[PDB]
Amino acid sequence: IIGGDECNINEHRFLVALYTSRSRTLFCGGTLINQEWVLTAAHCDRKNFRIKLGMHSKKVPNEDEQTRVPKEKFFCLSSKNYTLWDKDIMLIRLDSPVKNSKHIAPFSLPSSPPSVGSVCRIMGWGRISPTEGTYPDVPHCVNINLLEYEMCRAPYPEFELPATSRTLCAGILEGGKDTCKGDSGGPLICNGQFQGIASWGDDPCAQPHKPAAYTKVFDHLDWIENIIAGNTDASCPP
């Protein structure tokens, strides 16, 4: 996360870290949405990975950290394909439930739709330098604005982005605050609700007028609810 500061140790109880099984290299964030399910991005999928819950500092672990692994992973399509404007979502059922603790608690799915002009917060253990390779020991947090999706189209002519999407466009027009490498898959919290999943942004991060795309959680409520209810034939919004 560029342009923020270390998160308060109590403000990210739902934030989880995806890391490799062997080197313990952190590669994405994610969000605990109840006692046994996590939402992250489809681009975060790996054949083998672990999920750390209740983590703040990497080297000075919270006493109540828990580790889980995916028992099941769900995607919009059997191909697990996604695009720059939709389908970048993965729902994970944990191998066993977690109990709430000082540093662990889920973020409920959103109950209202996101409103343009809201102020949102992002958080993760990604790079805190727009260019370098400075990865923090603790997660950082920063506030950004929810923009009209139309805003995300013009800055990226190479992607020929369609007029509508299943993503939210968020950032700061003047630059300086942004998601960055290692934060993707993590949550975008807007006006108190879990509204986005970090999908992609530009590199270097936090450039002026280069906002980032976050998969729109709200549009996927039916799909999420149906999978959790045990309807595996559920479909993402067309």
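Quick note: we count residues from 1 along the sequence shown, nothing fancier.
*Asks:* Tell me which stretch, 137 to 145 or 78 to 86, has the higher mean Cα B-factor listed in the entry.
*Replies:* The recorded data point to 78 to 86.
*Asks:* Going by the mean C-alpha B-factor recorded in the entry, which is higher: 116 to 124 or 68 to 76?
*Replies:* Mean B over CA atoms: larger for 68 to 76.
*Asks:* Out of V217, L18, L15, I227, which one has a C-alpha B factor higher than all the others in the entry?
*Replies:* So the option with the highest C-alpha B-factor is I227.
*Asks:* Say you rank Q195, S199, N48, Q207 by Cα B-factor from the PDB entry; which sits at the top?
*Replies:* When the deposited C-alpha B-factors of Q195, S199, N48, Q207 are compared, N48 is largest.
*Asks:* Consider only the C-alpha atoms of the modelled residues in this chain, order them by B-factor as the entry records it, and name the third containing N191: lowest, middle or highest.
*Replies:* Its C-alpha B-factor, which the entry lists for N191, ranks in the highest third among residues of this chain.
*Asks:* Which third, lowest, middle or highest, does the C-alpha temperature factor of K181 belong to within its own chain?
*Replies:* Middle third of the chain for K181's C-alpha B-factor.
*Asks:* Rank-wise, by C-alpha B-factor, drop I1 into the lowest, middle or highest third of its chain.
*Replies:* It falls in the bottom third of the chain.
*Asks:* Can you work out whether the C-alpha temperature factor of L109 puts it in the lowest, middle or highest third of the chain?
*Replies:* Answer is middle: the recorded C-alpha B-factor places it there.
*Asks:* Could you look up the Cα B-factor of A163 in the entry and say which third of the chain it sits in: lowest, middle or highest?
*Replies:* Ranked within chain, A163 CA B lands in the highest tercile.
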